[PDB]
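Participant: Chains as they are written, first to last, in UniProt numbering: chain A, 2 to 236, 256 to 385; chain B, 2 to 197; chain C, 2 to 31.
One structure, pasted below without further comment.
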RNA sequence: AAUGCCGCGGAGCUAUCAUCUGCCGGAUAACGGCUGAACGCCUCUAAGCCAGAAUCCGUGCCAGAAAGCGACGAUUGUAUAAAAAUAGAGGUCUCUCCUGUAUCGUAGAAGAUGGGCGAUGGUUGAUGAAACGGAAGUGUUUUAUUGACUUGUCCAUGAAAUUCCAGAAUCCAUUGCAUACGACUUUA
RNA sequence: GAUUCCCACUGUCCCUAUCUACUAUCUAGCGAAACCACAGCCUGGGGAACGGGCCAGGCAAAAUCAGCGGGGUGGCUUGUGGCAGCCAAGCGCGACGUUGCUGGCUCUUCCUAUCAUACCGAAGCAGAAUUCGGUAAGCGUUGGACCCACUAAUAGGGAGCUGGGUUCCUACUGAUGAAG
RNA sequence: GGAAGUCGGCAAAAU
RNA sequence: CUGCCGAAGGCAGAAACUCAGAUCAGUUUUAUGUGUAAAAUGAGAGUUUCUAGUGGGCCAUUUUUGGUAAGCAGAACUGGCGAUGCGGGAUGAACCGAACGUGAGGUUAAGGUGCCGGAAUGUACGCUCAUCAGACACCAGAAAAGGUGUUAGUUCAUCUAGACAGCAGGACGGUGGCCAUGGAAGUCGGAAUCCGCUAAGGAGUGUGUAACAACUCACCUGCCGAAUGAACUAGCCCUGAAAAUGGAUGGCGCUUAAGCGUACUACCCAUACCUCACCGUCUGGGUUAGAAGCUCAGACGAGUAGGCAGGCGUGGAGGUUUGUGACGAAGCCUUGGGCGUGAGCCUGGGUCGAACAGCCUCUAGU
RNA sequence: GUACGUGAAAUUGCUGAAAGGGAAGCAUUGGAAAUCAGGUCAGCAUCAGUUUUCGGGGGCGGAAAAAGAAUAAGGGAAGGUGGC
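Here it is in structure tokens:
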């Protein structure tokens with residue numbers, strides 16, 4: 002007998018299994034297609050979700066209902082200190098897939114990336130990469146051989162880069178290490194670019210430029226085990261099938277938000293990063309009283325539209341869009357008018373203590 | 002027709018069912034078989050009908066946990082393996098051990114490109130199919146059913162053919178030198194009445 | 002693969018029923 | 001004062017009661033055509049080709065084989081390799097295929113001990129250095145130095161009663177980005 | 001007392017969210033019972049009763065934890081009525097024709113026999129709107145007392161509950177987990 | 001917003 | 001526990017005795033019309049008597065009547081099932097073989113020889129391409145038929161007096177025949193539809209035009225040089241509708257088949273057939289040199305109800321064994337050994353502590 | 001050793017051996033390990049019974065094979081050769 006009253010499916014079959022992500026760091030399951038017409042350029046970056054605020058910008062969107070009006074948008078602030086390139090990986094195309102032929106590491110590895118290789122840094126004798134450092138000092142002709150192998154046989158070149166988590170106001174001391182595929186140019190060109198970028202820091206100012214459309218990928222917030230109500234949106257003799265909604269894990273899944281716009285890439289060393297041409301009023305992106313549960317932003321930061329997966333102080337990966345999409349929203353410029361840095365720890369009412377002090381009387385303290 | 006440890010079959014121009022049946026009989030006999038270049042196996046019937054056959058094969062899946070449902074393999078080597086194992090008693094230890102004696106690959110990998118590759122006449126399309134009959138290629142049906150490694154194999158096969166052609170030219174030159182010295186040697190005519 | 006909508010193989014009741022009613026058809030035409 | 005009652009109430013949770021985000025490559029079906037026979041004309045079809053649906057298959061997105069795998073780090077006689085077509089191929093106008101019943105190899109008390117004659121060769125072992133091989137490089141060539149054996153041919157010795165087959169991680173501790181408990185993410 | 005009406009009120013509802021206590025969770029101690037041929041995956045077949053054992057396939061890797069309760073009879077059939085006559089391809093029939101008359105509340109998936117959306121062909125199809133037909137099941141097919149609205153449309157079917165009417169195991173979902 | 005739920009103001013709020 | 005006989009929808013067996021017969025036959029000839037009577041072949045044939053179990057039903061077969069969209073119903077015979085394992089049909093109560101003691105060897109039946117699967121990817125000749133082929137199995141429901149798919153045929157047609165087709169042309173003039181009309185000239189529409197010319201130009205096959213006009217065929221001439229056309233039948237192929245999860249010629253697969261049809265060899269194996277050994281039952285011959293025995297030979301072997309016969313084991317009683325036993329009875333355990341088809345028996349090792357067993361009879365709370 | 005003669009089975013623990021991918025049990029043949037036991041196991045020749053598979057020789061039959069070859073008559077022609 003047929004179903005009398007039909008409705009669309011309560012869930013999405015393309016996101017199950019609703020199991021816990023086997024990773025804390027956002028994985029890049031697709032890098033943008035390579036092209037030898039364009040020489041070298043990176044394609045991804047790694048940041049930490051500090052917090053989110055709201056801004057006011059003048060919308061120059063031709064044909065829109067609110068063309069040339071002042072609009073309010075929620076924005077996410079991700080602190081992006083420069084990442085140190087410490088390795089290069091060569092990938093060879095095989096009838097079985099992309100296979101990592103070899104890996105070359107930089108001579109001097111910081112304690113930041115060395116902590117990644119241990120579950121307990123203090124008990125360890127710190128013997129990792131010691132003999133690699135010895136052979137690097139002794140004979141560079143060997144390392145030249147693997148790079149020759151990479152530029153001779155490998156088709157995809159990726160750089161191992163770790164984030165300087167020490168710079169961020171995070172209690173974690175392990176640095177996050179990932180591979181960013183070097184898109185563009187010949188394999189030799191990518192290998193050279195990796196060599197002259199060994200042990201130096203690549204910054205977000207060189208990766209992204211404040212107007213492009215990116216994919217932000219990360220692990221979502223954990224809501225714990227949940228019943229069918231909030232896990233799935235639920236209101256003949258057989259056996260229960262996979263399509264039936266069930267009770268289980270809700271949250272902590274690997275997700276990918278597409279089409280995120282950078283409204284601003286600000287520099288940490290600059291003290292005008294939260295000030296705009298319509299605002300003046302010297303201030304920093306950190307809200308009054310510091311970000312709730314994160315701290316004070318002191319390094320380079322990126323302001324994206326909307327919301328990104330995961331809670332504060334979690335690591336996000338920002339990749340260049342795989343496919344070009346020239347929607348006028350993705351092509352329009354952004355001219356910020358005002359940024360809110362009031363206290364998010366409660367109902368804040370003042371932007372900076374300086375401008376709060378004139379309105380308030382002389383406090384006895 | 003002598004028992005070798007390993008028989009490398011160049012599956013180019015063969016018929017899927019006929020080659021599978023011959024291989025399945027050899028595995029039960031206890032012979033290691035390596036079927037290289039599986040993107041060139043031929044199947045009788047025109048391409049659209051074969052793709053309809055395969056796309057009907059995808060339709061078979063469990064209604065609970067398609068993860069436990071039928072596993073549809075798209076690689077031409079895996080297509081040949083499915084054809085072979087269907088001709089074997091793989092539910093028993095004998096058939097399961099027989100499957101372990103078969104290595105079906107895509108292209109001709111370096112460990113097997115430097116070894117003689119015999120062919121099966123009982124499976125060859127040229128000898129077994131009436132001229133004027135439509136057929137298809139597994140390496141083509143695979144690309145339009147989901148297989149995504151066609152370009153890499155074709156490129157790595159052009160490299161292999163170039164290297165093999167260079168090797169054969171060098172060996173042919175050496176064989177020409179040996180062949181020239183042959184009649185120059187005298188006993189080859191002096192007492193050759195035995196037929197050699 | 003079958004590549005059909007209706008199975009070419011038949012059930013034992015069905016195959017037996019043909020000889021049941023094919024013979025009766027010859028009885029009727031007689 | 002079993003949360004006595006009321007107002008406000010951060011944090012957390014949450015609301016299409018709030019905000020953000022949701023993409024492109026092939027193959028086709030109906031159908032419209034190109035060339036073109038069958039059938040000396042014609043013809044979208046027979047051989048072929050083009051365009052063509054929210055369709056099918058991939059890309060993208062989620063999971064990651066807990067019996068799929070790679071890279072990195074530290075480490076207490078087992079003889080024989082072109083390719084392609086089969087209504088055609090290759091070699092020097094000419095020649096060959098028409099299957100490996102072919103080719104390489106093949107003696108020795110399981111491979112002994114010597115003597116010549118003829119050739120600078122073959123088997124090559126050991127090291128030592130060059131090049132090449134990344135599809136799973138499972139190896140290939142080039143040598144060099146030597147130590148060997150050198151059936152190439154011709155001679156002499158012994159065989160037998162084997163007398164008819166057999167440095168790390170974890171617990172305790174810590175963290176809250178996580179959490180029924182495990183697990184996880186940090187510190188230690 | 002029952003019914004109706006107007007006003008009034010409110011989480012019955014749109015549409016669920018939040019808060020507290022207990023239980024469930026783990027731990028120390030104590031500690032049962034029902035039930036029990038043996039057990040434990042699905043598809044097609046096994047004449048039936050299809051079943052779990054049989055046949056042919058998909059498959060198949062220890063040990064486990066918390067949930068939830070699923071599992072304890074034609075190859076039928078479909079779109080075209082009944083009587084009489086005229087032909088007559090043919091073998092007394094005789095085909096098509098031709099002429100004579102009066103049950104509803106929520107739920108997973110599948111099928112196409114398509115209501116809407118996509119693309120096509122035909123029509124006095126000028127345009128707009130529209131009719132019929134083809135491929136097409138990817139995606140939708142509502143809110144209220146046959147009625148009246150919305151909607152692009154409100155298409156047809158296959159395989160936990162209540163009203164008026166008669167006087168263990170396995171599956172599904174998450175979580176660990178020894179091992180080359 | 002105010003029975004639009006349900007066979008229906010079942011149950012709470014208006015006192 | 002074993003062996004033998006063995007049904008029933010008045011039977012099978014037991015005992016008592018005839019005749020070495022023309023005495024009977026689920027039979028066929030001969031004669032007379034399925035009846036009767038008097039040659040073939042086979043068999044030893046019989047009569048009275050009493051005494052267990054059953055008197056059901058399913059499936060198919062050939063003979064008829066009543067029937068209808070459509071099946072269906074009621075009779076008689078026949079068998080199979082039932083009491084029946086085995087080989088094959090992928091598997092199966094009714095389909096094809098084959099009736100069963102334990103083994104060795106050989107050979108087959110039915111069905112098969114691409115792989116699963118033991119056996120020819122044998123030989124020879126044809127047919128078929130299916131974007132939802134076939135292996136099907138009187139192809140019987142849809143079933144009546146459709147198809148510019150293919151291969152064969154059957155019957156009529158023209159054809160070097162030039163076949164079909166193809167291009168070049170003619171395809172006319174009375175006449176715009178007559179009613180019919182805004183406008184109809186062959187072609188909106190109403191009867192034909194005549195004539196001069198021929199080799200032919202239809203009061204006209206279609207398009208078209210308000211009407212015209214113009215093109216086309218159906219009809220002829222020029223070039224061009226050989227076969228061509230129409231109607232039916234047969235085989236294969238497509239179609240001749242069917243839904244609801246994944247999906248089945250058994251699977252994989254197969255397209256000069258591993259599909260369809262035929263022909264010929266070779267090959268595979270059942271509990272079947274043949275040769276031999278052995279077990280048991282029955283039958284027959286012989287046996288005065290455990291007679292309850294010995295010996296020779298042949299045939300035979302499913303088995304429910306039922307009938308008959310011979311054995312194993314348990315408690316107790318009488319007889320016997322100069323019977324066994326504290327130097328270890330009975331019991332119990334055991335990966336030890338042996339015997340018997342079997343019921344069961346003996347024994348080695350360990351434990352154990354006081355009774356126990358063989359043989360012949362008797363007996364039963366066996 | 002009183003929870004006491006002998007002390008079975010169901011069931012349980014330990015040790016040793018072995019097996020294990022959605023059953024387990026059982027049967028047939030044999031290997032492997034363990035164990036026990038008594039002449040054991042082979043090869044060939046000549047035979048007997050059964051049987052399978054190749055080869056040779058010789059008769060006898062048909063149209064006393066049909067064909068065919070070689071060699072004399074005549075006839076006919078082609079899918080027509082030399083010639084024309």
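Every residue, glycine too, gets a C-beta built ideally from N, C-alpha and C.
Provide the residue span of the beta strand (DSSP E) that contains residue 312 of chain A, from first to last.
Facilitator: From DSSP, residue 312 of chain A is part of no beta strand (DSSP E); its letter is neither H nor E.
Participant: I need the DSSP call for residue 138 of chain B, collapsed to helix, strand or coil.
Facilitator: strand
Participant: With residue 158 of chain B as the anchor, note down where its alpha helix (DSSP H) starts and where it stops.
Facilitator: 151–185
Participant: Check this for me: beta carbons of residue 176 of chain A and residue 113 of chain A, under 7 Å apart or not?
Facilitator: Contact: yes.
Participant: With distances taken from CA atoms, which of A:127, A:230, A:218 is nearest residue 334 of chain A?
Facilitator: A:218
Participant: Whose Cβ in chain B lies nearer than 7 Å to the Cβ of residue 15 of chain C?
Facilitator: By Cβ distance, chain B contributes nothing, its closest Cβ being about 24 Å from residue 15 of chain C, past 7 Å.
Participant: Using 7 Å as the threshold, is the C-beta distance between residue 136 of chain B and residue 78 of chain B below it?
Facilitator: no
Participant: Measuring CA to CA, which of A:314, A:256, A:291, A:136 is closest to residue 3 of chain A?
Facilitator: A:256
Participant: For residue 111 of chain A, which of A:163, A:103, A:47 has the nearest alpha-carbon?
Facilitator: Nearest option by C-alpha distance: A:163.
Participant: State the Cα-Cα distance for the pair residue 138 of chain B and residue 40 of chain B, rounded to the nearest angstrom.
Facilitator: 7 Å
Participant: Please name the residue, chosen from A:12, A:29, A:17, that lies closest to residue 180 of chain A on a Cα-to-Cα basis.
Facilitator: A:29
Participant: Assign residue 107 of chain B to one of two classes, buried (16 or more other C-beta atoms within 10 Å of its C-beta) or exposed (fewer than that).
Facilitator: buried
Participant: Taking only beta carbons into account, state which residues of the stretch 55–82 of chain B come closer than 8 Å to chain C, listed in chain order.
Facilitator: Residues 55, 57, 58.
Participant: By Cβ distance below 6 Å, which residues in the same chain neighbour residue 350 of chain A in space, the five residues on each side in sequence not counted?
Facilitator: 214
Participant: Reducing DSSP to helix, strand and coil, say where residue 11 of chain C ends up.
Facilitator: coil
Participant: Residue 53 of chain B versus chain C: which residues are under 7 Å apart at the beta carbon?
Facilitator: Within 7 Å Cβ-Cβ: 4.
Participant: How is residue 233 of chain A classed by DSSP in three states: helix, strand or coil?
Facilitator: helix
Participant: Please state whether the Cβ-Cβ distance between residue 12 of chain B and residue 36 of chain B is less than 7 Å.
Facilitator: Residue 12 of chain B is a Cβ neighbour of residue 36 of chain B, given a cutoff of 7 Å.
Participant: Should residue 82 of chain A be labelled buried (16 or more other beta-carbon atoms within 10 Å of its own) or exposed?
Facilitator: buried
Participant: Whole-angstrom Cβ separation of residue 59 of chain A and residue 206 of chain A, contact assumed at under 8 Å?
Facilitator: The pair is not a contact, with the Cβ atoms about 24 Å apart (cut-off 8 Å).
Participant: Residue 259 of chain A lies in the beta strand (DSSP E); which residues open and close that run?
Facilitator: Careful: residue 259 of chain A lies outside any beta strand (DSSP E) and carries neither H nor E.
Participant: Which residues mark the beginning and the end of the beta strand (DSSP E) in which residue 72 of chain A is found?
Facilitator: 70–80
Participant: Can you tell me where the alpha helix (DSSP H) holding residue 321 of chain A begins and where it ends?
Facilitator: Counting along the chain, residue 321 of chain A falls outside any alpha helix (DSSP H), though it belongs to the beta strand (DSSP E) covering 321–325.
Participant: Going along the chain, which residues of its own chain have a beta-carbon closer than 7 Å to the beta-carbon of residue 284 of chain A, five neighbours each way excluded?
Facilitator: 211, 323, 356
Participant: Would you identify the three-state DSSP class for residue 272 of chain A, choosing helix, strand or coil?
Facilitator: The answer is coil: DSSP assigns residue 272 of chain A none of H, G, I, E or B.
Participant: What residues of chain B sit near residue 33 of chain A, judged by a beta carbon separation below 9 Å?
Facilitator: Result: empty, since nearest Cβ-Cβ is about 18 Å, beyond 9 Å.
Participant: Decide if residue 27 of chain B is buried, meaning its Cβ has at least 16 other Cβ atoms within 10 Å, or exposed.
Facilitator: buried
Participant: My output table needs one value for residue 194 of chain A: the three-state DSSP class, helix, strand or coil.
Facilitator: helix
Participant: Please classify residue 14 of chain B: does DSSP put it in a helix, a strand, or coil?
Facilitator: In this structure, residue 14 of chain B counts as coil in the three-state DSSP scheme.
Participant: DSSP beta-bridge partners for residue 340 of chain A?
Facilitator: A:215
Participant: Taking only beta carbons into account, state which residues of the stretch 148–167 of chain B come closer than 8 Å to chain A, listed in chain order.
Facilitator: 150, 153, 154, 157
Participant: Could you pull out every residue in the same chain whose Cβ sits closer than 6 Å to the Cβ of residue 11 of chain A, ignoring the five residues on either side in sequence?
Facilitator: 233, 234, 235, 265
Participant: Between the Cα of residue 148 of chain A and those of A:274, A:106, A:139, spot the shortest distance and give me the residue it belongs to.
Facilitator: A:106
Participant: Three-state secondary structure (DSSP) at residue 56 of chain A?
Facilitator: strand
Participant: Alpha carbon to alpha carbon, how far is residue 302 of chain A from residue 296 of chain A?
Facilitator: 9 Å
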